[PDB]
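The chain below stands alone and is given in structure tokens; this is the form deposited in one PDB entry.
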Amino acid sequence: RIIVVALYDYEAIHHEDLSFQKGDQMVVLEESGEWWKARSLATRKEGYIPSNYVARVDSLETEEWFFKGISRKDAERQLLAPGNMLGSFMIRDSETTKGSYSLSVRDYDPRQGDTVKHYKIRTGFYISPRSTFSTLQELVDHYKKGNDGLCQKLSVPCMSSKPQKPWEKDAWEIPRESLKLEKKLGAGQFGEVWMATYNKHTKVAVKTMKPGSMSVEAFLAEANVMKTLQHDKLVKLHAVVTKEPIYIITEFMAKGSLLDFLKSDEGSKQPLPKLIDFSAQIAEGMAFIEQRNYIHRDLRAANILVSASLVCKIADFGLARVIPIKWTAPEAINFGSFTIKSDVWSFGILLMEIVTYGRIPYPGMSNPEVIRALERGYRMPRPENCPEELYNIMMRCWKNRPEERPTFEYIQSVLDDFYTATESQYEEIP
């Protein structure tokens, strides 16, 4: 008898799913992935619930101040996000001390401004040996009273938001009838992208594929492989229409491409640390692809999408094998050689795009002028607002020898902690 509890309100939208309120308890009947069959103790109704909307009773995830699986960097992002304030905090799983916890607190430093500081929690629990606690709630309650050595007196738990409704169960292949393609967002050589609604309840994006040398079944086995290479920083693939012309249904990214977003009013107001953060998020996506021994092949700001929350995700991963030289590595233009190192070059160019708020690479120059200038050994100069250290990241991406370009694993780690000395990752306290 496994009782779980709702962490958020959920409104039912399908045939057999349950509505519930935050706090409602339920018996688990079946653990079938993203959807679980449950019985609500509040309503007595049996049906399906999103497994990520609930957690086991009295376990830590039920706590408003606990955040499961959040990294140090993502803790910073959450705590710095709109709606928080001085002393805003969270307790979370320790990224580097497996099995243990860490505390992240929002602070203000005169020189830099808003910041997040991190304290290791020592397992009974303590941060300093002079203050020991049986529970984390005890721990939380003490530092709410006064800063006992901490950078800031604890105030309010970090703002959380409802996670995304998972896709309808068993709905990978859907009939075209379930869609209304309401607004053409983009159009090109290989098809179109539309804002769309699925079965009157869910906003999505649909990429329409023009018929081609691609074999129908060959195209689907490829898409079915991409659906397994899921990651937070890769556009989620939701569904497919298997009948020509092929529709690919993905999550809707409310702010469009990074390219268009940066060239916008709201984009041009993004200060430099934001842009680097965007870069780090993309690099994290590319680090996943790198680990999986895959390749993207078409990295640039037009193939990065931005969510309403300013989360950047990589789009069109995989479309390259199923089917703009100013972003391409020499050994890939002059030869056929595309590797992850060619993506690294492309990332460097992307890095420039970001810092130049969308400006086209090599402005004034053109494709043949560029290819010849590459064989010289020309590289784009450092823009006025780009820090020297960010620039030499780009330069390292632009080595002629592909094997001398750094990994995305390393790039991500440098961009993530760009403003933080390694020794200052965690705080010390007597």
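Residues carry their position along the shown sequence, with the first being 1. We call the rigid core whatever largest set of C-alpha positions still superposes within 1.5 Å between the two forms.
What comes next is about the form deposited in another entry, which does not appear here.
After superposition on the rigid core, the C-alpha displacement between this form and the one not shown reaches 2 Å or more for just one residue among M214, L272, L80, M159, namely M214.
With a cut-off of 2 Å and the rigid core superposed, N52 has a Cα displacement that falls short of the cut-off between this form and the one not shown. After superposition on the rigid core, displacement of the C-alpha of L41 between this form and the one not shown amounts to 2 Å or more.
Compared with the form shown here, the Cα atoms of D298 and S213 move at least 3 Å closer together in the other form.
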